[PDB]
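Q: Can you read through this structure? Questions will come right after.
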Amino acid sequence: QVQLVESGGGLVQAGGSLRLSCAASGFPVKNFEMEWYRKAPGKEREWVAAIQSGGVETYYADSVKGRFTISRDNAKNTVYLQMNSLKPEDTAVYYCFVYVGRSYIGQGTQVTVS
Amino acid sequence: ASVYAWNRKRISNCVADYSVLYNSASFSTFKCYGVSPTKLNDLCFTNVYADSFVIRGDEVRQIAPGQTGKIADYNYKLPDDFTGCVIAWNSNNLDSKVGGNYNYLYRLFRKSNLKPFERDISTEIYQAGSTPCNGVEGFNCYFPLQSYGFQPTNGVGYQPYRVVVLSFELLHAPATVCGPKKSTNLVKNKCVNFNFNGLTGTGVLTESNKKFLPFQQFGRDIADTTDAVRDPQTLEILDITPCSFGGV
Amino acid sequence: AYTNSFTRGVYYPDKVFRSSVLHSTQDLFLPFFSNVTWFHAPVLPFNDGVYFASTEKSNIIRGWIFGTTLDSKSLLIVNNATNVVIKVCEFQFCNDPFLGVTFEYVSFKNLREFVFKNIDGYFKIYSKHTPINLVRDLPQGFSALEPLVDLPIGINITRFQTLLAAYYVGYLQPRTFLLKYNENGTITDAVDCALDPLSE
Ligand SMILES: *[C@@H]1O[C@H](CO)[C@@H](O[C@@H]2O[C@H](CO)[C@@H](O[C@@H]3O[C@H](CO)[C@@H](O)[C@H](O)[C@@H]3O)[C@H](O)[C@H]2NC(C)=O)[C@H](O)[C@H]1NC(C)=O
């Protein structure tokens with residue numbers, strides 16, 4: 001009943017910017033925590049950014065603090081993911097995650113930085 | 001231990017004191033069901049098997065007697081009318097390495113609901129389509145071993161609450177591990193009530209002149225009135241006299 | 001083989017000191033002047049209780065197993081060189097069971113007799129030491145068996161088997177005793193009430 005899809009992907013170079021999104025159905029994002037994970041070639045899955053369910057505190061991991069920003073829109077039920085100051089270490093496949101009863105994994109988006 | 005390998009360890013015939021655990025300045029959402037947390041140390045019960053895990057702390061309130069969800073479906077399940085305590089507290093400084101503590105991968109998919117108190121271990125990937133996976137990962141393989149993201153910049157809902165399961169069951173089993181039982185000092189030559197090691201009562205308590213074999217704990221006399229006891233912390237033998245009464 | 005049990009099998013029924021009184025009680029008891037099953041070295045049944053009265057110069061016998069099926073379906077009370085291992089574990093023995101020369105506890109010219117008792121889920125450990133010498137049979141002397149340890153399992157044990165220069169097995173069933181306590185608190189004499197009408 002929860003369907004998650006990802007949009008807004010593309011190809012950038014070193015010094016570019018991008019903007020990802022995760023449209024949602026069947027649950028409110030103001031009652032559950034939204035997370036984002038990425039998947040680089042030759043690497044495992046690791047967390048990028050998240051918003052808590054209260055919407056007050058946003059968090060970023062150790063290599064991605066100070067540059068990335070996650071934001072949400074409650075009326076469209078879509079969470080936006082902003083790319084800034086991109087390096088070729090961020091070449092990955094990006095997914096959005098939520099635990100509403102069970103876990104739901106989308107189809108993902110492809111972001112290639114070179 | 002991990003969620004695939006949380007062992008049912010039988011630590012028995014010792015004591016696990018819980019009064020030092022309340023003053024640890026660490027416990028957050030601790031909730032002992034059935035019986036109160038205050039009287040865990042004086043009264044004990046059998047089947048004192050123990051478990052442990054660091055569960056990801058987004059859905060700690062999904063673990064309850066009769067509450068389902070994600071953790072209660074695919075990690076660890078509590079039945080109705082739970083006797084026992086699961087204590088959740090944060091582990092931020094030590095279970096968090098730089099770059100993500102991916103030492104605890106976890107099961108994300110199971111075909112059925114978990115039985116309460118089932119330690120689940122398996123290798124085989126999830127079956128969600130009708131096509132079987134050929135070993136090479138495809139679009140309907142759905143690799144269950146996902147990674148918890150355990151980084152130091154995560155919040156309190158994202159950081160793992162460490163949980164220990166001191167599960168309490170009822171059987172024809174020995175009550176092996178209990179909490180401590182405090183004791184006062186010894187009063188002598190006084191008409192007084194006593195609470196010794198198993199036996200309570202009233203009288204006047206004196207020094208002895210007899211001796212026992214090393215296996216008696218107390219003693220009686222003709223027509224079975226208790227006139228003696230051994231004290232356990234002093235290795236001495238102590239006598240019983242009834243209090244002053246009579247007619248006027 | 002069988003032999004006569006002259007005055008054996010008495011024990012303290014509880015941890016109560018009594019001085020110079022003739023206490024009478026009824027409990028699970030070995031009858032006086034009964035016949036035990038002597039074996040000279042064997043599955044033996046377990047109705048309610050067993051009196052075990054072995055002698056050996058070095059105690060090559062060290063283990064005896066309780067249970068219902070005695071297999072992996074349940075105590076293994078075994079000794080070793082400096083400890084004993086007792087645990088309730090579903091275990092195995094081969095077609096020639098021998099010792100190759102949920103608990104833990106740390107422990108002829110010898111006669112180590114023991115009695116085992118079964119009530120209310122509890123199994124209790126009684127023993128004596130008996131330093132006297134007789135190679136023929138169990139002697140004419142008198143001894144009372146003091147308790148050692150008590151532990152609950154809640155298992156209806158049906159039979160047993162000992163493993164490894166002889167052992168003696170008798171059985172227990174309820175009759176009434178009289179016990180002769182001394183000044184120092186030990187049992188010095190006993191009377192089985194239902195033995196002969198003088199003792200009645
Ligand atoms: C139960 O616990 C109590 C206290 O932990 C034990 O009593 C202790 O017994 C030892 C040996 O009798 C005492 O040591 C001796 O102390 C005297 C003077 O106090 C000194 O002259 C000796 O040189 C020796 O150090 C010890 O003080 C005493 N402790 C207390 C607080 O009274 C008791 O032994 C324990 N019972 C068992 C079975 O372990």
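Identifiers in the structure tokens: chain A, B, ... in order shown; residue index from 1 per chain; ligand index from 1 in order shown.
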Go through chain B residue by residue and, counting only C-alpha atoms and all ligand atoms, keep those with an atom at most 9 Å from ligand 1; for each kept residue give the shortest atom pair and its distance in Å to one decimal, ordered by chain and increasing number, as a Markdown table.
A:
```
| residue | atom | partner | partner_atom_place_in_ligand_line | distance |
| --- | --- | --- | --- | --- |
| B:232 | CA | ligand 1 | 36 (N) | 6.4 |
| B:233 | CA | ligand 1 | 1 (C) | 3.8 |
| B:234 | CA | ligand 1 | 33 (C) | 5.3 |
| B:235 | CA | ligand 1 | 36 (N) | 6.5 |
```
Q: Just need the residues of chain A within 10 Å of chain B, counting only C-alpha atoms, so spit them out as an MDAnalysis selection string.
A: chainID A and resid 32:33 37 44:53 57:63 65 99:103 105 107
Q: Extract, using only C-alpha atoms, all DNA, RNA and protein residues at most 8 Å from region 76-85 of chain C, discarding same-chain residues fewer than 4 positions from it, and format them as a list in words.
A: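 Counting only C-alpha atoms, the residues come to residues 62, 63, 64, 65, 66, 89, 104, 105, 106 and 107 of chain C.
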Q: Pull out every residue of chain C that has at least one atom within 9 Å of chain B, counting only C-alpha atoms, and report them as a list in words.
A: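 Contact residues on the first chain: residues 14, 15, 16, 17, 18, 19, 20, 21, 22, 23, 102, 103, 104, 121, 146, 147, 148, 151, 152, 153, 154, 155, 184, 185 and 186 of chain C.
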Q: Take the residues from that selection and write them out as an mmCIF file, in the first residue's frame, keeping N, CA, C and O atoms.
A:
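Output contents, as saved in again-v5.cif:
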```cif
data_model
loop_
_atom_site.group_PDB
_atom_site.id
_atom_site.type_symbol
_atom_site.label_atom_id
_atom_site.label_comp_id
_atom_site.auth_asym_id
_atom_site.auth_seq_id
_atom_site.Cartn_x
_atom_site.Cartn_y
_atom_site.Cartn_z
ATOM 1 N N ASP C 14 15.022 -34.154 57.753
ATOM 2 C CA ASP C 14 15.078 -32.707 57.619
ATOM 3 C C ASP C 14 16.287 -32.169 58.370
ATOM 4 O O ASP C 14 16.969 -32.898 59.093
ATOM 5 N N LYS C 15 16.536 -30.876 58.197
ATOM 6 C CA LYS C 15 17.673 -30.208 58.829
ATOM 7 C C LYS C 15 17.296 -29.629 60.186
ATOM 8 O O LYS C 15 17.455 -28.436 60.439
ATOM 9 N N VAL C 16 16.790 -30.479 61.075
ATOM 10 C CA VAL C 16 16.322 -30.070 62.391
ATOM 11 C C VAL C 16 17.112 -30.830 63.444
ATOM 12 O O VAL C 16 17.117 -32.064 63.462
ATOM 13 N N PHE C 17 17.787 -30.089 64.311
ATOM 14 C CA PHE C 17 18.520 -30.676 65.418
ATOM 15 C C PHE C 17 17.531 -31.098 66.493
ATOM 16 O O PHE C 17 16.620 -30.343 66.836
ATOM 17 N N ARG C 18 17.720 -32.301 67.029
ATOM 18 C CA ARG C 18 16.907 -32.787 68.135
ATOM 19 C C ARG C 18 17.803 -33.532 69.109
ATOM 20 O O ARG C 18 18.595 -34.379 68.690
ATOM 21 N N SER C 19 17.682 -33.221 70.398
ATOM 22 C CA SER C 19 18.569 -33.769 71.418
ATOM 23 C C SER C 19 17.821 -34.734 72.320
ATOM 24 O O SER C 19 16.873 -34.331 73.004
ATOM 25 N N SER C 20 18.267 -35.995 72.305
ATOM 26 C CA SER C 20 17.923 -37.046 73.274
ATOM 27 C C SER C 20 16.428 -37.358 73.304
ATOM 28 O O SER C 20 15.862 -37.708 74.339
ATOM 29 N N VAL C 21 15.785 -37.242 72.150
ATOM 30 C CA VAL C 21 14.361 -37.518 72.039
ATOM 31 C C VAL C 21 14.163 -38.673 71.073
ATOM 32 O O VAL C 21 15.003 -38.927 70.204
ATOM 33 N N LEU C 22 13.078 -39.407 71.266
ATOM 34 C CA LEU C 22 12.749 -40.540 70.415
ATOM 35 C C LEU C 22 11.667 -40.127 69.422
ATOM 36 O O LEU C 22 10.479 -40.390 69.594
ATOM 37 N N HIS C 23 12.113 -39.444 68.372
ATOM 38 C CA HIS C 23 11.193 -38.969 67.349
ATOM 39 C C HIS C 23 10.741 -40.105 66.444
ATOM 40 O O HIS C 23 11.539 -40.936 66.001
ATOM 41 N N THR C 102 21.833 -28.723 33.521
ATOM 42 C CA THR C 102 21.753 -27.282 33.636
ATOM 43 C C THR C 102 22.268 -26.815 34.982
ATOM 44 O O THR C 102 21.637 -25.977 35.625
ATOM 45 N N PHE C 103 23.401 -27.358 35.420
ATOM 46 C CA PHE C 103 23.968 -26.991 36.707
ATOM 47 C C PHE C 103 25.484 -27.183 36.626
ATOM 48 O O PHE C 103 26.001 -27.786 35.683
ATOM 49 N N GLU C 104 26.209 -26.611 37.582
ATOM 50 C CA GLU C 104 27.606 -26.956 37.787
ATOM 51 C C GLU C 104 27.877 -26.926 39.281
ATOM 52 O O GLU C 104 27.342 -26.081 40.003
ATOM 53 N N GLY C 121 9.212 -32.996 43.134
ATOM 54 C CA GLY C 121 10.171 -32.474 42.188
ATOM 55 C C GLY C 121 11.592 -32.386 42.691
ATOM 56 O O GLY C 121 12.489 -32.048 41.909
ATOM 57 N N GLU C 146 23.369 -38.072 56.258
ATOM 58 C CA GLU C 146 23.216 -36.629 56.315
ATOM 59 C C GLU C 146 22.985 -36.042 54.926
ATOM 60 O O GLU C 146 23.482 -36.575 53.935
ATOM 61 N N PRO C 147 22.202 -34.969 54.803
ATOM 62 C CA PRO C 147 21.965 -34.381 53.480
ATOM 63 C C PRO C 147 23.143 -33.552 52.995
ATOM 64 O O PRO C 147 23.922 -33.006 53.779
ATOM 65 N N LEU C 148 23.255 -33.453 51.661
ATOM 66 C CA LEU C 148 24.267 -32.611 51.024
ATOM 67 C C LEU C 148 23.703 -31.502 50.144
ATOM 68 O O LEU C 148 24.047 -30.338 50.353
ATOM 69 N N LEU C 151 17.994 -30.050 44.608
ATOM 70 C CA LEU C 151 17.867 -29.389 43.312
ATOM 71 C C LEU C 151 16.591 -29.860 42.598
ATOM 72 O O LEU C 151 16.311 -31.064 42.577
ATOM 73 N N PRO C 152 15.785 -28.947 42.034
ATOM 74 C CA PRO C 152 14.538 -29.359 41.374
ATOM 75 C C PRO C 152 14.743 -29.615 39.887
ATOM 76 O O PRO C 152 15.441 -28.887 39.205
ATOM 77 N N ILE C 153 14.125 -30.667 39.360
ATOM 78 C CA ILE C 153 14.034 -30.884 37.912
ATOM 79 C C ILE C 153 12.610 -31.090 37.380
ATOM 80 O O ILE C 153 12.330 -30.781 36.219
ATOM 81 N N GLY C 154 11.717 -31.616 38.210
ATOM 82 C CA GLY C 154 10.354 -31.941 37.774
ATOM 83 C C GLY C 154 10.212 -33.003 36.702
ATOM 84 O O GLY C 154 9.357 -32.874 35.816
ATOM 85 N N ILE C 155 11.032 -34.047 36.759
ATOM 86 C CA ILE C 155 11.061 -35.108 35.758
ATOM 87 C C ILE C 155 10.731 -36.434 36.428
ATOM 88 O O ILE C 155 11.369 -36.802 37.421
ATOM 89 N N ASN C 184 24.447 -35.314 71.158
ATOM 90 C CA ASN C 184 25.218 -34.576 70.166
ATOM 91 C C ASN C 184 24.453 -34.337 68.870
ATOM 92 O O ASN C 184 24.979 -33.654 67.986
ATOM 93 N N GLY C 185 23.248 -34.879 68.725
ATOM 94 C CA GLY C 185 22.382 -34.533 67.622
ATOM 95 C C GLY C 185 22.348 -35.489 66.453
ATOM 96 O O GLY C 185 21.768 -35.143 65.420
ATOM 97 N N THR C 186 22.937 -36.672 66.573
ATOM 98 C CA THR C 186 22.957 -37.626 65.475
ATOM 99 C C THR C 186 22.045 -38.809 65.770
ATOM 100 O O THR C 186 21.681 -39.059 66.921
#
```
Q: Please list as a short mmCIF file (atom, residue, chain, number, x, y, z; two decimals) with C-alpha atoms, in the first residue's frame every residue within 7 Å of residue 127 (chain C), counting only C-alpha atoms and excluding residues in the same chain fewer than 4 positions away.
A:
```cif
data_model
loop_
_atom_site.label_atom_id
_atom_site.label_comp_id
_atom_site.auth_asym_id
_atom_site.auth_seq_id
_atom_site.Cartn_x
_atom_site.Cartn_y
_atom_site.Cartn_z
CA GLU C 113 26.86 -45.66 50.66
CA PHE C 114 24.26 -43.21 49.35
CA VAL C 115 20.48 -42.99 49.25
CA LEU C 145 22.96 -40.43 56.15
CA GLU C 146 23.22 -36.63 56.31
#
```
Q: Write out as an MDAnalysis selection string all residues of region 14-186 of chain C that backbone DSSP assigns to strand (DSSP E or B).
A: chainID C and resid 16:17 22:29 34:39 44:45 50:55 63:67 75:79 84:85 88 105 112:116 118:119 122:127 144:152 159:163 166:171 173:181
Q: At a cut-off of 7 Å, using only C-alpha atoms, what residues contact residue 6 (chain A)? Leave out same-chain residues fewer than 4 positions from it and give the result as number ranges by chain.
A: A: 21-23, 106-109
Q: Which residues are near residue 107 (chain B)? Cut-off 8 Å, only C-alpha atoms, ignore same chain within fewer than 2 positions. Put them as an MDAnalysis selection string.
A: chainID B and resid 3:4 74:75 105 109:110 144:146
Q: Those selected residues, please, written with N, CA, C and O atoms and delivered as a PDB file, in the first residue's frame.
A:
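out30.pdb written:
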```
ATOM      1  N   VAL B   3      21.363  -9.870  15.570  1.00  0.00           N
ATOM      2  CA  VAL B   3      19.967 -10.303  15.513  1.00  0.00           C
ATOM      3  C   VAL B   3      19.861 -11.666  14.836  1.00  0.00           C
ATOM      4  O   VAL B   3      18.883 -12.397  15.036  1.00  0.00           O
ATOM      5  N   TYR B   4      20.872 -12.056  14.059  1.00  0.00           N
ATOM      6  CA  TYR B   4      20.853 -13.409  13.529  1.00  0.00           C
ATOM      7  C   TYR B   4      21.363 -14.411  14.552  1.00  0.00           C
ATOM      8  O   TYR B   4      21.021 -15.596  14.473  1.00  0.00           O
ATOM      9  N   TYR B  74      10.223  -9.041  12.345  1.00  0.00           N
ATOM     10  CA  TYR B  74      11.411  -9.584  11.701  1.00  0.00           C
ATOM     11  C   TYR B  74      12.640  -9.651  12.599  1.00  0.00           C
ATOM     12  O   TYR B  74      13.679 -10.141  12.146  1.00  0.00           O
ATOM     13  N   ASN B  75      12.566  -9.177  13.844  1.00  0.00           N
ATOM     14  CA  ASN B  75      13.719  -9.250  14.739  1.00  0.00           C
ATOM     15  C   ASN B  75      13.463 -10.108  15.972  1.00  0.00           C
ATOM     16  O   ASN B  75      14.164 -11.106  16.173  1.00  0.00           O
ATOM     17  N   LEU B 105      24.817  -6.369  10.639  1.00  0.00           N
ATOM     18  CA  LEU B 105      23.825  -6.434   9.575  1.00  0.00           C
ATOM     19  C   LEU B 105      22.588  -7.135  10.130  1.00  0.00           C
ATOM     20  O   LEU B 105      22.660  -7.871  11.118  1.00  0.00           O
ATOM     21  N   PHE B 109      13.858  -9.312   5.786  1.00  0.00           N
ATOM     22  CA  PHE B 109      12.774 -10.035   5.133  1.00  0.00           C
ATOM     23  C   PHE B 109      12.672 -11.447   5.689  1.00  0.00           C
ATOM     24  O   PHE B 109      13.683 -12.146   5.807  1.00  0.00           O
ATOM     25  N   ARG B 110      11.450 -11.859   6.025  1.00  0.00           N
ATOM     26  CA  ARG B 110      11.146 -13.237   6.383  1.00  0.00           C
ATOM     27  C   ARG B 110       9.796 -13.564   5.753  1.00  0.00           C
ATOM     28  O   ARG B 110       8.981 -12.659   5.553  1.00  0.00           O
ATOM     29  N   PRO B 144      18.184 -10.011   2.123  1.00  0.00           N
ATOM     30  CA  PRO B 144      17.630  -9.604   3.422  1.00  0.00           C
ATOM     31  C   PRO B 144      18.640  -8.931   4.334  1.00  0.00           C
ATOM     32  O   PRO B 144      18.252  -8.186   5.239  1.00  0.00           O
ATOM     33  N   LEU B 145      19.932  -9.169   4.107  1.00  0.00           N
ATOM     34  CA  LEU B 145      20.980  -8.653   4.988  1.00  0.00           C
ATOM     35  C   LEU B 145      21.249  -7.187   4.651  1.00  0.00           C
ATOM     36  O   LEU B 145      22.201  -6.834   3.950  1.00  0.00           O
ATOM     37  N   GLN B 146      20.386  -6.318   5.176  1.00  0.00           N
ATOM     38  CA  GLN B 146      20.556  -4.880   5.040  1.00  0.00           C
ATOM     39  C   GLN B 146      21.443  -4.374   6.179  1.00  0.00           C
ATOM     40  O   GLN B 146      21.653  -5.056   7.185  1.00  0.00           O
TER      41      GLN B 146
END
```
Q: Would you mind telling me which residue in C:28, C:111, C:132, C:50 lies nearest to residue 159 (chain C) when using only C-alpha atoms?
A: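 Nearest to residue 159 (chain C): C:50.
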Q: With only C-alpha atoms as the atoms that count, which of B:15, B:40, B:133, B:48 lies nearest to residue 178 (chain B)?
A: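 Ranked by minimum distance to residue 178 (chain B), first place goes to B:15.
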Q: Using only C-alpha atoms, which residues sit within 8 Å of residue 80 (chain A) once same-chain residues fewer than 2 positions away are excluded, as a VMD selection string?
A: chain A and resid 19 to 22 70 to 73 78 82
Q: How would the residues just chosen look if you wrote them out with C-alpha atoms as a PDB file, in the first residue's frame?
A:
```pdb
ATOM      1  CA  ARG A  19      18.040  17.795  -6.700  1.00  0.00           C
ATOM      2  CA  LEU A  20      16.396  14.454  -5.908  1.00  0.00           C
ATOM      3  CA  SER A  21      12.926  13.618  -4.607  1.00  0.00           C
ATOM      4  CA  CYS A  22      10.868  10.744  -3.184  1.00  0.00           C
ATOM      5  CA  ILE A  70      17.409  17.196   2.944  1.00  0.00           C
ATOM      6  CA  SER A  71      14.021  18.952   3.008  1.00  0.00           C
ATOM      7  CA  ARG A  72      10.393  17.851   3.037  1.00  0.00           C
ATOM      8  CA  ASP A  73       7.010  19.073   1.810  1.00  0.00           C
ATOM      9  CA  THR A  78       7.348  14.377  -1.127  1.00  0.00           C
ATOM     10  CA  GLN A  82      19.575  18.600  -2.552  1.00  0.00           C
TER      11      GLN A  82
END
```
Q: Return the single residue from B:198, B:246, B:116, B:129 that is closest to residue 66 (chain B), with distances computed using only C-alpha atoms.
A: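 Among B:198, B:246, B:116, B:129, it is B:116 that comes nearest to residue 66 (chain B).
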Q: Could you please determine the separation between CA of residue 160 (chain B) and CA of residue 55 (chain A) in Å, to one decimal place?
A: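 Between these atoms lies a distance of 19.9 Å.
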Q: So how many Å separate CA of residue 67 (chain C) and CA of residue 99 (chain C), to one decimal?
A: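 So the two atoms, CA of residue 67 (chain C) and CA of residue 99 (chain C), lie 19.1 Å apart.
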Q: Determine the nearest neighbour of residue 133 (chain C) from the options C:75, C:57, C:170, C:91, counting only C-alpha atoms.
A: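 With only C-alpha atoms as the atom set, the closest residue is C:57.
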Q: Kindly give the distance, in Å, that separates CA of residue 93 (chain A) and CA of residue 110 (chain A), rounded to a single decimal.
A: 4.8 Å
